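Worksheet: one structure, shown below.
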2 protein chains.
Amino acid sequence: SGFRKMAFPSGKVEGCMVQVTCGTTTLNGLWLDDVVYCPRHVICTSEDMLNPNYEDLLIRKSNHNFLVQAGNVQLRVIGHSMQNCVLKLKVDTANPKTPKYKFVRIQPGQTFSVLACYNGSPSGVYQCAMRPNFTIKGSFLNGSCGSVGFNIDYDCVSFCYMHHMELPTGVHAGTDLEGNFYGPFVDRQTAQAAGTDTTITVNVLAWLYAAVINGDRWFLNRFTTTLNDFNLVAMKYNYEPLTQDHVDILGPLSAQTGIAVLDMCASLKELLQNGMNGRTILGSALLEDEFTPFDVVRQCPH
Amino acid sequence: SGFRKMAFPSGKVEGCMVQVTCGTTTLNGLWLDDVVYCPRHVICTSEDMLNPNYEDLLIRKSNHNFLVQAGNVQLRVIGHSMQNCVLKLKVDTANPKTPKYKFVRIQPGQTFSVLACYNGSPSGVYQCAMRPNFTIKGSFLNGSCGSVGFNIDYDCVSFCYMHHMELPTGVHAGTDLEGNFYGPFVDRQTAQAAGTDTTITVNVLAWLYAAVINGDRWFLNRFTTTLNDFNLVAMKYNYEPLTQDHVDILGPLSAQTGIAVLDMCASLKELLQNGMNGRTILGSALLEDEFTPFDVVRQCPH
Ligand code: NA
């Protein structure tokens, strides 16, 4: 038994992290086959970040301006090409440690694992969730730029995030591996702020189902609320509206526990209005919203 | 910025995970050099689990009774010996993925990364802390036996924990990599109970420091306390006594925050007395004690 926030094993991703340096800037890169993916602002100086024109900046750069190091093996940059907001540096050597991989764009409320890296060396791994406001509440320091977010499904790695910048509120923004930013964010130094974040309601319900599976049942009640009556309460507490698809997705968990989705919603409704009155759920004093219904099934097979 | 429970990169440990089968029992094993380490209860028969004599069970087993599989490759068992509660299987092949490693027995209050495994296949990685009662709060299901806990220092993997069983309360117990159990437990299916779980005080102080680094300062206070006066309050609320060494280890966090360790002690003393008053530190209504001072420094720019 037990339920913990779990990251995917990071071995397949570690073998693709290289150190990319351009000028006086150093960040991380993802080495897949003969291509190294890194954020395109590596070609930016500190003073150019105010209003960088990447088209001319990249064209003024030459191949030898890109110092790619895989550990201490120096990789020769054969070419550089713009990939939206990330760079595609071609190297002469394919990565022997290249795993079965795919580029996937996740939706808000979905989770993934982050392999935090500094100077091309992995430092830690944790689990994140794409917030409704298209940011992530990660742990990124200076030089973490280029750290990648991924999921793993049967030895196939689904890369979904690359870290680019930290927003003023401390949350972090980035792109998918195709170079397209999540949310309205752009890779320049402008007055940028994340929108008002909301709580992933379906994830909380999945987490509550995980608590019931593991024996934590004190929050259950005889009540059953309509989908709309729950949603009105949820809006007042900055919770995402629950959709019918969310109810459908929570179907397997409802069957495994024998508790109807709307019955569990009444439990969450009461929890929102009354609080946890000092009690804990799965060792937590807050309503966790970073476990997808899939994330629960993995840790709670039936 | 940002603070999260961060597990070490699991790549070096993934290469040592193998599947061990004995009779009808299958659990995970640790393949280092030409030796496979796994919990000795793999040789237990179904109805012998209540109170087994492993010396009998080992004499009833030969080398070819152990099925060891590293992925698709079957491993030949040359020898087998019992070291306390750990089964050592000698194989004809040294593991080519064996990293630099050592066997250490961590102290209570220390944290380590757990690589949860099933059928010799890693499935997730998360952070665990050795509770003062020598239990850990993890996510272990059937087949997770042999899942290992480790810390990484530079290129060296310090193996410190192998999972053996789950206590009735749902907490988890295991041994060091030499077969010696953490705490008073024995690998039998009896009614064992862990001791009373006190709170790791030095970890709470580090967590409060990690909060100050990440913005949360509401709990902060001007008055200070001596070590002995704080220890009296800590003893009342089942907190571990705070030694001078704990004060020294917290020094780096004090330097980054500009807050004396004894001043943070007074802020914790106030919190233990008047409680939360409905506020949160780092998104939690309770005090976290599963982050060591080293764990906080890893995520904070000193
Ligand atoms: Na209910």
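Just so it is clear: chains get the letters A, B, ... in the order the sequence lines come, proteins before strands, and each one is counted from 1.
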Which value, rounded to the nearest 0.5 Å, describes the distance between [X] atom [atom1] and [Y] atom [atom2]?
| X | Y | atom1 | atom2 | result |
| --- | --- | --- | --- | --- |
| A:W207 | A:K5 | CH2 | NZ | 10.0 Å |
| B:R60 | B:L57 | CZ | CG | 5.5 Å |
| B:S158 | B:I152 | OG | CD1 | 9.0 Å |
| B:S62 | B:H80 | OG | NE2 | 7.0 Å |
| B:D48 | B:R188 | CG | CZ | 13.0 Å |
| B:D289 | B:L205 | CG | CG | 11.0 Å |

[X] side chain vs [Y] backbone, donor-acceptor pair below 3.5 Å:
| X | Y | value |
| --- | --- | --- |
| A:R4 | B:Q127 | yes |
| B:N84 | B:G179 | no |
| B:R105 | B:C160 | no |
| B:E288 | B:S284 | no |
| B:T135 | B:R131 | no |
| B:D176 | B:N180 | yes |
| A:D34 | A:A94 | no |
| A:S144 | A:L141 | yes |

Could you pull out the closest heavy-atom pair between [X] and [Y], with the gap in Å?
| X | Y | value |
| --- | --- | --- |
| B:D187 | B:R40 | OD2-NE, 2.9 Å |
| B:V157 | B:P99 | CG2-CG, 4.1 Å |
| A:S123 | B:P9 | O-CD, 3.7 Å |
| B:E47 | B:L50 | O-CD2, 3.0 Å |
| B:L167 | B:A194 | CD1-CB, 3.7 Å |
| B:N28 | B:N119 | OD1-N, 3.4 Å |

Are [X] and [Y] side-chain neighbours, meaning at least one heavy-atom pair lies under 4.5 Å?
| X | Y | answer |
| --- | --- | --- |
| B:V13 | B:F159 | yes |
| B:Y182 | B:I106 | yes |
| B:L87 | B:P39 | no |
| B:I136 | B:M130 | yes |
| A:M17 | A:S121 | no |
| B:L250 | B:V247 | no |

- Task: Keeping to residues at least two apart or across chains, list the ring-ring contact (aromatic ring centres under 6.0 Å, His included) pairs with something in residues 113-149 of chain B.
- Result: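 Output for this query lists B:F140-B:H163, B:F140-B:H172.
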
- Only pairs at least two apart or in different chains count here, so list each ring-ring contact (aromatic ring centres under 6.0 Å, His included) that has a residue in residues 37-61 of chain B.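 As it turns out, the ring-ring contact (aromatic ring centres under 6.0 Å, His included) pairs with a partner in residues 37-61 of chain B, which skip direct neighbours, are B:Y37-B:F103.
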
- Query: Per the side-chain contact (heavy atoms from CB on, under 4.5 Å) rule, which among B:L177, B:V86, B:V35, B:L115 passes with B:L30?
  - Reply: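 Going through B:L177, B:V86, B:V35, B:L115 one by one, the side-chain contact (heavy atoms from CB on, under 4.5 Å) with B:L30 is satisfied by B:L177 alone.
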
- Message: Between A:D33 and A:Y101, is the side-chain hydrogen bond (donor to acceptor under 3.5 Å, both in side chains) condition met? List the steps.
- Response: CA-CA 10 Å; A:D33 303 305; A:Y101 74 95; 2.9 Å; yes

- Task: For side chain to side chain contact (heavy atoms under 4.5 Å, CB included), just list the numbers for B:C16 and B:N95, CA-CA rounded to whole Å, side-chain angles, deciding distance to a tenth of an Å, and then say yes or no.
- Result: CA-CA 7 Å; B:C16 320; B:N95 176 19; 4.1 Å; yes

- Item | Between B:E240 and B:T201: side-chain donor-acceptor atoms closer than 3.5 Å |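 No, no side-chain donor-acceptor pair sits under 3.5 Å.
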
- Under 3.5 Å side-chain donor-acceptor pair for B:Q69 and B:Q74: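 The criterion, which ignores hydrogens and geometry beyond distance, is not satisfied for B:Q74 and B:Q69.
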
- Would you sort out whether B:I43 and B:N65 count as a side chain to side chain contact (heavy atoms under 4.5 Å, CB included), showing the intermediate values? CA-CA 9 Å; B:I43 59 181; B:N65 295 152; over 6 Å; no

Looking at [X], I want to see if its [atom1] is surrounded by more than 12 non-hydrogen atoms of other residues, nucleotides or ligands under 6.0 Å.
| X | atom1 | result |
| --- | --- | --- |
| A:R298 | CZ | yes |
| A:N72 | CG | no |
| B:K61 | NZ | yes |
| B:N142 | CG | no |

- Message: Using ring pair (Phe, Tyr, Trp, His ring centres under 6.0 Å), reason through B:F181 and B:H164 one step at a time and then give a plain yes or no.
- Response: CA-CA 9 Å; B:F181 254 104; B:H164 279 255; 5.1 Å; yes

- Item | side chain to side chain contact (heavy atoms under 4.5 Å, CB included) evaluation trace for B:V20 with B:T26 | CA-CA 6 Å; B:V20 172; B:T26 284; over 6 Å; no

- Query: Can a salt bridge be assigned to the pair A:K12 and B:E14 using a cut-off of 4.0 Å between side-chain N and carboxylate O?
  - Reply: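 Judged by the 4.0 Å cut-off on N to carboxylate O distance, A:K12 and B:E14 do not form a salt bridge.
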
- Task: Could you tell me whether A:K100 and A:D155 make a salt bridge, using a distance below 4.0 angstrom between a side-chain N and a carboxylate O?
- Result: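 No, A:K100 and A:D155 are not salt-bridged.
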
- Task: Test A:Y161 against A:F112 for ring pair (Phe, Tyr, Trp, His ring centres under 6.0 Å), laying out the working first.
- Result: CA-CA 9 Å; A:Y161 177 91; A:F112 60 103; 5.7 Å; yes

- Task: Check step by step if salt bridge (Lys or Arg N to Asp or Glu O under 4.0 Å) holds for A:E290 and A:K137.
- Result: CA-CA 10 Å; A:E290 292 216 343; A:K137 305 258 218 201; over 6 Å; no

- Message: Walk me through whether B:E178 and B:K88 qualify under salt bridge (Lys or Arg N to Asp or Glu O under 4.0 Å).
- Response: CA-CA 10 Å; B:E178 293 180 352; B:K88 281 142 63 133; over 6 Å; no

- Query: Can the ring centres of B:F291 and B:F3 be said to be less than 6.0 Å apart?
  - Reply: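 Distance test on ring centres: under 6.0 Å, yes.
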
- Query: Which residues satisfy the side-chain contact (heavy atoms from CB on, under 4.5 Å) test with A:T292, sequence neighbours excluded?
  - Reply: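 Per chain and number, A:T292 pairs via side-chain contact (heavy atoms from CB on, under 4.5 Å) with A:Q110, A:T111, A:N203, A:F294, A:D295.
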
- Show your working on side chain to side chain contact (heavy atoms under 4.5 Å, CB included) between B:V68 and B:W31 and close with a plain yes or no. CA-CA 10 Å; B:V68 182; B:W31 186 19; over 6 Å; no

- Cationic tip of B:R76 above B:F66 ring, under 6.0 Å, 45° of axis: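 The answer is no, since B:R76 fails at least one limit relative to B:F66.
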
